[PDB]
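Next comes protein_0.tsv, a file with TSV, C-alpha atoms (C1' of nucleotides).
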chain	number	residue	atom	x	y	z
A	1	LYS	CA	47.63	-23.63	-60.56
A	2	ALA	CA	44.69	-24.10	-58.21
A	3	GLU	CA	46.68	-22.22	-55.57
A	4	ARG	CA	47.00	-19.24	-57.90
A	5	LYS	CA	43.28	-19.27	-58.82
A	6	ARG	CA	42.35	-19.56	-55.17
A	7	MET	CA	44.41	-16.40	-54.54
A	8	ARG	CA	42.93	-14.45	-57.45
A	9	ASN	CA	39.47	-15.36	-56.14
A	10	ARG	CA	40.39	-14.08	-52.68
A	11	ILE	CA	40.92	-10.64	-54.14
A	12	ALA	CA	37.79	-10.96	-56.27
A	13	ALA	CA	35.79	-11.83	-53.17
A	14	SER	CA	37.16	-8.93	-51.15
A	15	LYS	CA	36.51	-6.53	-54.05
A	16	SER	CA	32.94	-7.82	-54.19
A	17	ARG	CA	32.46	-7.21	-50.43
A	18	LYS	CA	34.03	-3.75	-50.82
A	19	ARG	CA	31.57	-2.49	-53.44
A	20	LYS	CA	28.72	-3.91	-51.42
A	21	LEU	CA	29.77	-1.58	-48.58
A	22	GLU	CA	30.35	1.23	-51.12
A	23	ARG	CA	26.79	0.71	-52.31
A	24	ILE	CA	25.39	0.80	-48.75
A	25	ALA	CA	27.23	4.10	-48.17
A	26	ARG	CA	25.94	5.82	-51.34
A	27	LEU	CA	22.39	4.77	-50.51
A	28	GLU	CA	22.69	6.05	-46.93
A	29	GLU	CA	24.17	9.36	-48.06
A	30	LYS	CA	21.39	9.63	-50.64
A	31	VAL	CA	18.69	9.41	-47.99
A	32	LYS	CA	20.62	11.77	-45.73
A	33	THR	CA	20.75	14.25	-48.60
A	34	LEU	CA	17.05	13.84	-49.53
A	35	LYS	CA	16.03	14.36	-45.90
A	36	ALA	CA	17.91	17.68	-45.88
A	37	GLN	CA	16.18	18.79	-49.06
A	38	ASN	CA	12.82	17.60	-47.74
A	39	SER	CA	13.23	19.88	-44.76
A	40	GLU	CA	14.52	22.71	-46.94
A	41	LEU	CA	11.58	22.36	-49.36
A	42	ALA	CA	9.02	21.92	-46.55
A	43	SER	CA	10.10	24.96	-44.53
A	44	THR	CA	10.10	27.06	-47.68
A	45	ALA	CA	6.60	25.93	-48.50
A	46	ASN	CA	5.72	26.93	-44.91
A	47	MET	CA	7.37	30.35	-45.29
A	48	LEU	CA	5.35	30.76	-48.50
A	49	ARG	CA	2.03	29.75	-46.92
A	50	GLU	CA	2.51	32.62	-44.44
A	51	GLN	CA	3.31	35.07	-47.24
A	52	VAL	CA	-0.01	34.00	-48.79
A	53	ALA	CA	-2.16	34.33	-45.65
A	54	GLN	CA	-0.48	37.71	-45.02
A	55	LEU	CA	-0.94	39.13	-48.50
A	56	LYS	CA	-4.61	38.14	-48.48
A	57	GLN	CA	-5.04	40.90	-45.91
A	58	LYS	CA	-5.41	44.67	-46.59
B	1	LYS	CA	29.02	-32.58	-33.78
B	2	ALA	CA	31.31	-30.71	-36.15
B	3	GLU	CA	28.65	-31.61	-38.73
B	4	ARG	CA	25.79	-30.29	-36.64
B	5	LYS	CA	27.52	-26.93	-35.98
B	6	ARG	CA	28.53	-26.65	-39.62
B	7	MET	CA	24.79	-26.99	-40.46
B	8	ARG	CA	23.63	-24.47	-37.86
B	9	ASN	CA	26.25	-22.06	-39.29
B	10	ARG	CA	24.96	-22.59	-42.84
B	11	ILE	CA	21.58	-21.29	-41.66
B	12	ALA	CA	23.14	-18.41	-39.79
B	13	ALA	CA	25.10	-17.41	-42.92
B	14	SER	CA	21.79	-17.56	-44.88
B	15	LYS	CA	20.08	-15.33	-42.34
B	16	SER	CA	22.97	-12.89	-42.44
B	17	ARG	CA	22.88	-12.60	-46.27
B	18	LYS	CA	19.04	-12.23	-46.22
B	19	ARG	CA	18.97	-9.31	-43.81
B	20	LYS	CA	21.74	-7.61	-45.73
B	21	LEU	CA	19.37	-7.87	-48.71
B	22	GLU	CA	16.40	-6.70	-46.56
B	23	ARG	CA	18.56	-3.77	-45.53
B	24	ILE	CA	19.26	-2.85	-49.17
B	25	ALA	CA	15.54	-3.09	-49.98
B	26	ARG	CA	14.55	-0.72	-47.09
B	27	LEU	CA	17.24	1.76	-48.14
B	28	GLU	CA	16.05	1.80	-51.78
B	29	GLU	CA	12.41	2.12	-50.72
B	30	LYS	CA	13.35	5.12	-48.54
B	31	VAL	CA	15.10	6.81	-51.45
B	32	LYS	CA	12.10	6.14	-53.66
B	33	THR	CA	9.63	7.70	-51.20
B	34	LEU	CA	11.82	10.69	-50.23
B	35	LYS	CA	12.17	11.39	-53.96
B	36	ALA	CA	8.40	11.40	-54.51
B	37	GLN	CA	7.90	13.54	-51.46
B	38	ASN	CA	10.54	15.98	-52.69
B	39	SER	CA	8.64	16.24	-55.92
B	40	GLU	CA	5.46	16.93	-53.95
B	41	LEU	CA	7.03	19.62	-51.77
B	42	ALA	CA	8.76	21.28	-54.75
B	43	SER	CA	5.66	21.44	-56.94
B	44	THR	CA	3.73	22.79	-53.97
B	45	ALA	CA	6.33	25.44	-53.21
B	46	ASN	CA	6.11	26.36	-56.95
B	47	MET	CA	2.30	26.66	-56.88
B	48	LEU	CA	2.65	28.89	-53.79
B	49	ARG	CA	5.09	31.32	-55.42
B	50	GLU	CA	2.46	31.90	-58.10
B	51	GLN	CA	-0.23	32.60	-55.54
B	52	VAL	CA	2.23	35.14	-54.12
B	53	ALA	CA	3.19	36.70	-57.47
B	54	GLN	CA	-0.54	37.09	-58.14
B	55	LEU	CA	-1.71	38.23	-54.74
B	56	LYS	CA	1.09	40.69	-55.59
B	57	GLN	CA	-1.39	42.67	-57.67
B	58	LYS	CA	-2.76	45.93	-56.30
C	1	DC	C1'	36.07	-22.49	-19.88
C	2	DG	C1'	32.83	-24.32	-23.48
C	3	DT	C1'	29.29	-23.12	-26.39
C	4	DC	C1'	25.99	-20.13	-28.83
C	5	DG	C1'	24.63	-17.22	-33.03
C	6	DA	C1'	26.44	-13.25	-35.95
C	7	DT	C1'	29.45	-11.78	-39.31
C	8	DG	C1'	33.97	-10.84	-42.02
C	9	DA	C1'	37.03	-13.57	-44.66
C	10	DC	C1'	38.18	-17.61	-47.33
C	11	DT	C1'	36.90	-21.19	-50.53
C	12	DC	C1'	33.93	-23.64	-53.86
C	13	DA	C1'	30.25	-23.83	-57.35
C	14	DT	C1'	28.41	-21.53	-61.13
C	15	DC	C1'	27.62	-17.90	-64.11
C	16	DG	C1'	28.20	-15.24	-68.52
C	17	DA	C1'	31.84	-13.48	-71.43
C	18	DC	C1'	35.84	-14.36	-74.32
C	19	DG	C1'	38.66	-16.43	-77.68
D	1	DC	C1'	36.42	-26.20	-74.73
D	2	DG	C1'	39.29	-23.97	-71.15
D	3	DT	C1'	39.74	-19.86	-68.66
D	4	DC	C1'	38.55	-15.35	-66.69
D	5	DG	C1'	36.37	-12.36	-62.88
D	6	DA	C1'	31.88	-11.83	-60.33
D	7	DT	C1'	28.94	-13.43	-57.10
D	8	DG	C1'	25.84	-16.57	-54.08
D	9	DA	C1'	26.62	-20.22	-50.96
D	10	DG	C1'	29.15	-23.14	-47.81
D	11	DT	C1'	32.91	-23.13	-44.41
D	12	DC	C1'	36.31	-21.32	-41.12
D	13	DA	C1'	37.95	-17.69	-37.71
D	14	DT	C1'	36.65	-14.88	-34.42
D	15	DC	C1'	33.60	-11.99	-31.76
D	16	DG	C1'	30.75	-10.72	-27.77
D	17	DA	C1'	27.25	-12.83	-24.67
D	18	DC	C1'	25.87	-16.41	-21.66
D	19	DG	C1'	26.29	-19.33	-17.85

Could you write out this structure as C-alpha coordinates?
Amino acid sequence: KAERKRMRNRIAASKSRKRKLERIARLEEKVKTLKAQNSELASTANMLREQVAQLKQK
Amino acid sequence: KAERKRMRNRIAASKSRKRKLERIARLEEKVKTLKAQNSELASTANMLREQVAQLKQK
DNA sequence: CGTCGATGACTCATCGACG
DNA sequence: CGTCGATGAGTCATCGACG
(Lines of atoms letter the chains of each structure in order from A and count residues from 1; the text may use other names and numbers.)
(Lines give C-alpha, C1' and ligand atoms only; values in the text may rest on other atoms or scores of the structure.)
Protein backbone atom coordinates (compact mmCIF):
# COMPACT_ATOMS: atom_id res chain seq x y z
CA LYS A 1 0.00 0.00 0.00
CA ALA A 2 0.74 3.71 -0.12
CA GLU A 3 0.05 3.84 3.61
CA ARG A 4 2.73 1.22 4.21
CA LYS A 5 5.29 3.00 1.98
CA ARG A 6 4.51 6.29 3.68
CA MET A 7 5.33 4.60 7.01
CA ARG A 8 8.56 3.00 5.80
CA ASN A 9 9.63 6.43 4.52
CA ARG A 10 8.91 7.98 7.91
CA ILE A 11 11.52 5.73 9.44
CA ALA A 12 13.89 6.34 6.53
CA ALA A 13 13.52 10.08 7.04
CA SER A 14 14.15 9.91 10.77
CA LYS A 15 17.18 7.66 10.21
CA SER A 16 18.49 10.22 7.72
CA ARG A 17 18.06 13.07 10.26
CA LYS A 18 19.72 10.90 12.93
CA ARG A 19 22.96 10.32 11.03
CA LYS A 20 23.06 13.98 10.13
CA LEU A 21 23.21 14.74 13.86
CA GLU A 22 25.68 11.85 14.34
CA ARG A 23 27.87 13.46 11.70
CA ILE A 24 27.68 16.89 13.37
CA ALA A 25 28.76 15.29 16.67
CA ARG A 26 31.79 13.44 15.22
CA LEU A 27 32.95 16.62 13.51
CA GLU A 28 32.58 18.65 16.71
CA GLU A 29 34.42 16.05 18.78
CA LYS A 30 37.13 15.96 16.12
CA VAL A 31 37.81 19.68 16.45
CA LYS A 32 37.62 19.44 20.24
CA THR A 33 40.23 16.69 20.09
CA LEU A 34 42.50 18.55 17.62
CA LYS A 35 42.37 21.67 19.78
CA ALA A 36 43.61 19.63 22.76
CA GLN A 37 46.46 18.22 20.72
CA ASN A 38 47.26 21.65 19.30
CA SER A 39 47.73 22.95 22.82
CA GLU A 40 49.67 19.85 23.85
CA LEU A 41 51.98 20.12 20.82
CA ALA A 42 52.36 23.91 21.17
CA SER A 43 53.27 23.89 24.86
CA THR A 44 55.76 21.12 24.24
CA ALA A 45 57.36 23.10 21.47
CA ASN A 46 57.50 26.00 23.97
CA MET A 47 59.08 23.80 26.66
CA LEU A 48 61.62 22.72 24.03
CA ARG A 49 62.45 26.27 22.91
CA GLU A 50 63.45 27.02 26.53
CA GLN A 51 65.61 23.88 26.70
CA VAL A 52 67.36 25.21 23.58
CA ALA A 53 67.94 28.78 24.82
CA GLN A 54 69.15 27.29 28.13
CA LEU A 55 71.55 24.75 26.65
CA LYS A 56 73.09 27.41 24.43
CA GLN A 57 74.55 28.84 27.62
CA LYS A 58 77.71 27.66 29.46
CA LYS B 1 -3.36 33.53 2.84
CA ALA B 2 -2.68 29.87 3.57
CA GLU B 3 -0.89 30.00 0.20
CA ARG B 4 1.18 33.03 1.11
CA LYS B 5 2.33 31.53 4.44
CA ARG B 6 3.05 28.20 2.78
CA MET B 7 5.37 30.13 0.40
CA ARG B 8 7.09 32.12 3.14
CA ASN B 9 7.67 28.79 4.95
CA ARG B 10 9.18 27.22 1.82
CA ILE B 11 11.85 29.95 1.91
CA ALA B 12 12.38 29.55 5.62
CA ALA B 13 12.87 25.78 5.16
CA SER B 14 15.42 26.58 2.39
CA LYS B 15 17.30 28.96 4.67
CA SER B 16 17.30 26.39 7.44
CA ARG B 17 18.77 23.64 5.20
CA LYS B 18 21.38 26.11 3.77
CA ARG B 19 22.79 27.14 7.14
CA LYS B 20 22.91 23.53 8.24
CA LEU B 21 25.12 23.02 5.17
CA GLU B 22 27.11 26.21 5.97
CA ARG B 23 27.59 24.81 9.45
CA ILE B 24 28.96 21.51 8.06
CA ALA B 25 31.33 23.43 5.77
CA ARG B 26 32.75 25.54 8.67
CA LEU B 27 33.21 22.42 10.79
CA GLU B 28 35.11 20.59 8.02
CA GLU B 29 37.25 23.65 7.29
CA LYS B 30 38.17 23.85 11.00
CA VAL B 31 39.22 20.20 11.03
CA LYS B 32 41.27 20.75 7.90
CA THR B 33 43.15 23.74 9.37
CA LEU B 34 43.66 22.25 12.85
CA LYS B 35 45.11 19.18 11.13
CA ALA B 36 47.62 21.25 9.13
CA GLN B 37 48.52 23.22 12.20
CA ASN B 38 49.05 20.01 14.16
CA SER B 39 51.41 18.88 11.47
CA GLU B 40 53.25 22.20 11.75
CA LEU B 41 53.56 22.06 15.54
CA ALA B 42 54.62 18.38 15.51
CA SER B 43 57.32 18.82 12.87
CA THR B 44 58.56 21.86 14.76
CA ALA B 45 58.65 20.04 18.08
CA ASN B 46 60.61 17.28 16.23
CA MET B 47 63.15 19.75 14.80
CA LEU B 48 63.59 21.17 18.32
CA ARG B 49 64.35 17.81 19.94
CA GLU B 50 67.22 17.47 17.48
CA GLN B 51 68.59 20.89 18.36
CA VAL B 52 68.46 19.65 21.96
CA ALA B 53 70.05 16.24 21.29
CA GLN B 54 72.84 18.11 19.48
CA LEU B 55 73.32 21.02 21.83
CA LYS B 56 73.64 17.97 24.12
CA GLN B 57 77.25 17.61 23.00
CA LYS B 58 80.02 18.67 25.36
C1' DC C 1 -4.75 36.33 21.15
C1' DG C 2 -2.95 36.34 16.29
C1' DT C 3 1.01 36.27 13.68
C1' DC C 4 5.96 35.95 12.64
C1' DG C 5 10.22 33.11 11.27
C1' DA C 6 12.88 28.85 12.80
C1' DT C 7 13.14 24.12 12.96
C1' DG C 8 11.88 18.99 13.85
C1' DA C 9 8.84 15.78 11.79
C1' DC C 10 6.05 14.13 8.02
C1' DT C 11 5.24 13.57 3.14
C1' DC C 12 6.34 13.75 -1.82
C1' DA C 13 9.56 13.71 -5.75
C1' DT C 14 13.53 11.64 -7.44
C1' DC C 15 17.58 9.12 -7.31
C1' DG C 16 20.51 4.93 -8.11
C1' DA C 17 20.46 0.03 -7.21
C1' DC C 18 18.26 -4.43 -7.82
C1' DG C 19 16.07 -8.16 -10.03
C1' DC D 1 9.47 -2.15 -15.46
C1' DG D 2 8.19 -2.03 -10.52
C1' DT D 3 10.12 -1.56 -6.11
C1' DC D 4 13.49 -0.51 -2.49
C1' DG D 5 15.82 2.90 0.86
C1' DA D 6 18.17 7.52 0.83
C1' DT D 7 17.81 12.15 0.54
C1' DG D 8 16.51 17.12 -0.96
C1' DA D 9 12.42 19.75 -1.02
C1' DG D 10 7.76 21.07 0.19
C1' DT D 11 4.39 21.04 3.98
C1' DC D 12 2.57 20.72 8.70
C1' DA D 13 3.13 21.17 13.89
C1' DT D 14 4.94 23.67 17.19
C1' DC D 15 8.08 26.85 19.38
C1' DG D 16 9.51 31.25 21.45
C1' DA D 17 9.17 36.27 20.49
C1' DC D 18 6.49 40.22 19.47
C1' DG D 19 2.93 43.40 20.16

Within 8 Å of chain B, which residues of chain A are there when counting all atoms listed in the file? Please give them as an mmCIF file with C-alpha atoms, in the frame of the given file.
data_model
loop_
_atom_site.group_PDB
_atom_site.id
_atom_site.type_symbol
_atom_site.label_atom_id
_atom_site.label_comp_id
_atom_site.auth_asym_id
_atom_site.auth_seq_id
_atom_site.Cartn_x
_atom_site.Cartn_y
_atom_site.Cartn_z
ATOM 1 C CA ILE A 24 25.390 0.800 -48.750
ATOM 2 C CA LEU A 27 22.390 4.770 -50.510
ATOM 3 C CA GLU A 28 22.690 6.050 -46.930
ATOM 4 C CA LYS A 30 21.390 9.630 -50.640
ATOM 5 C CA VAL A 31 18.690 9.410 -47.990
ATOM 6 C CA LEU A 34 17.050 13.840 -49.530
ATOM 7 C CA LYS A 35 16.030 14.360 -45.900
ATOM 8 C CA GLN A 37 16.180 18.790 -49.060
ATOM 9 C CA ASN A 38 12.820 17.600 -47.740
ATOM 10 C CA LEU A 41 11.580 22.360 -49.360
ATOM 11 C CA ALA A 42 9.020 21.920 -46.550
ATOM 12 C CA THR A 44 10.100 27.060 -47.680
ATOM 13 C CA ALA A 45 6.600 25.930 -48.500
ATOM 14 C CA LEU A 48 5.350 30.760 -48.500
ATOM 15 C CA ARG A 49 2.030 29.750 -46.920
ATOM 16 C CA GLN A 51 3.310 35.070 -47.240
ATOM 17 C CA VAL A 52 -0.010 34.000 -48.790
ATOM 18 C CA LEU A 55 -0.940 39.130 -48.500
ATOM 19 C CA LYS A 56 -4.610 38.140 -48.480
#

Polymer residues at most 8 Å from region 4-16 of chain C, all atoms listed in the file, same-chain spacing of 2 or more positions, as an MDAnalysis selection string = (chainID A and resid 6 10 14) or (chainID B and resid 12:13 16) or (chainID D and resid 10:12)

Give me the least-squares superposed chain B (reference chain A; all C-alpha atoms paired in order) as a PDB file with C-alpha atoms, in the frame of the given file.
ATOM      1  CA  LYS B   1      47.703 -23.368 -60.435  1.00  0.00           C
ATOM      2  CA  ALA B   2      44.797 -24.256 -58.171  1.00  0.00           C
ATOM      3  CA  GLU B   3      46.686 -22.119 -55.640  1.00  0.00           C
ATOM      4  CA  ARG B   4      47.064 -19.185 -57.995  1.00  0.00           C
ATOM      5  CA  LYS B   5      43.342 -19.158 -58.926  1.00  0.00           C
ATOM      6  CA  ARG B   6      42.353 -19.566 -55.293  1.00  0.00           C
ATOM      7  CA  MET B   7      44.398 -16.381 -54.602  1.00  0.00           C
ATOM      8  CA  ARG B   8      42.943 -14.409 -57.510  1.00  0.00           C
ATOM      9  CA  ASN B   9      39.473 -15.417 -56.221  1.00  0.00           C
ATOM     10  CA  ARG B  10      40.308 -14.209 -52.701  1.00  0.00           C
ATOM     11  CA  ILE B  11      40.891 -10.746 -54.175  1.00  0.00           C
ATOM     12  CA  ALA B  12      37.756 -10.912 -56.265  1.00  0.00           C
ATOM     13  CA  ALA B  13      35.715 -11.855 -53.169  1.00  0.00           C
ATOM     14  CA  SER B  14      37.307  -8.850 -51.366  1.00  0.00           C
ATOM     15  CA  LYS B  15      36.368  -6.530 -54.209  1.00  0.00           C
ATOM     16  CA  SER B  16      32.834  -7.884 -54.232  1.00  0.00           C
ATOM     17  CA  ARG B  17      32.354  -7.308 -50.464  1.00  0.00           C
ATOM     18  CA  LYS B  18      33.891  -3.780 -50.738  1.00  0.00           C
ATOM     19  CA  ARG B  19      31.547  -2.553 -53.447  1.00  0.00           C
ATOM     20  CA  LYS B  20      28.590  -3.984 -51.589  1.00  0.00           C
ATOM     21  CA  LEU B  21      29.751  -1.757 -48.715  1.00  0.00           C
ATOM     22  CA  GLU B  22      30.318   1.195 -51.118  1.00  0.00           C
ATOM     23  CA  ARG B  23      26.790   0.607 -52.351  1.00  0.00           C
ATOM     24  CA  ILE B  24      25.392   0.775 -48.801  1.00  0.00           C
ATOM     25  CA  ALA B  25      27.342   3.988 -48.150  1.00  0.00           C
ATOM     26  CA  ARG B  26      25.957   5.712 -51.321  1.00  0.00           C
ATOM     27  CA  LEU B  27      22.418   4.641 -50.414  1.00  0.00           C
ATOM     28  CA  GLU B  28      22.702   6.041 -46.861  1.00  0.00           C
ATOM     29  CA  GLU B  29      24.257   9.276 -48.123  1.00  0.00           C
ATOM     30  CA  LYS B  30      21.339   9.680 -50.563  1.00  0.00           C
ATOM     31  CA  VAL B  31      18.813   9.229 -47.770  1.00  0.00           C
ATOM     32  CA  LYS B  32      20.691  11.739 -45.648  1.00  0.00           C
ATOM     33  CA  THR B  33      20.698  14.411 -48.377  1.00  0.00           C
ATOM     34  CA  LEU B  34      17.099  13.831 -49.555  1.00  0.00           C
ATOM     35  CA  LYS B  35      16.055  14.208 -45.908  1.00  0.00           C
ATOM     36  CA  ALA B  36      17.830  17.559 -45.544  1.00  0.00           C
ATOM     37  CA  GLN B  37      16.420  18.731 -48.826  1.00  0.00           C
ATOM     38  CA  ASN B  38      12.928  17.701 -47.739  1.00  0.00           C
ATOM     39  CA  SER B  39      13.391  19.789 -44.651  1.00  0.00           C
ATOM     40  CA  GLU B  40      14.465  22.713 -46.834  1.00  0.00           C
ATOM     41  CA  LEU B  41      11.513  22.418 -49.211  1.00  0.00           C
ATOM     42  CA  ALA B  42       9.018  21.976 -46.346  1.00  0.00           C
ATOM     43  CA  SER B  43      10.222  24.967 -44.337  1.00  0.00           C
ATOM     44  CA  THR B  44      10.187  27.020 -47.524  1.00  0.00           C
ATOM     45  CA  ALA B  45       6.671  25.939 -48.437  1.00  0.00           C
ATOM     46  CA  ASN B  46       5.711  26.920 -44.832  1.00  0.00           C
ATOM     47  CA  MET B  47       7.296  30.387 -45.117  1.00  0.00           C
ATOM     48  CA  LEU B  48       5.399  30.854 -48.407  1.00  0.00           C
ATOM     49  CA  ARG B  49       1.984  30.032 -46.931  1.00  0.00           C
ATOM     50  CA  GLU B  50       2.560  32.859 -44.458  1.00  0.00           C
ATOM     51  CA  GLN B  51       3.430  35.304 -47.205  1.00  0.00           C
ATOM     52  CA  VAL B  52       0.125  34.231 -48.768  1.00  0.00           C
ATOM     53  CA  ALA B  53      -1.937  34.449 -45.562  1.00  0.00           C
ATOM     54  CA  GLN B  54      -0.522  37.958 -45.118  1.00  0.00           C
ATOM     55  CA  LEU B  55      -0.711  39.206 -48.673  1.00  0.00           C
ATOM     56  CA  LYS B  56      -4.271  38.011 -47.957  1.00  0.00           C
ATOM     57  CA  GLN B  57      -4.947  41.317 -46.223  1.00  0.00           C
ATOM     58  CA  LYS B  58      -7.032  43.940 -47.998  1.00  0.00           C
TER      59      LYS B  58
END

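Taking CA of residue 7 (chain B) and CA of residue 11 (chain A) as endpoints, the distance between them is 26.7 Å.
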
Do you have the CA of residue 25 (chain A)-CA of residue 21 (chain B) distance handy?
-> 14.3 Å

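Here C1' of residue 3 (chain C) is placed at a distance of 9.8 Å from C1' of residue 19 (chain D).
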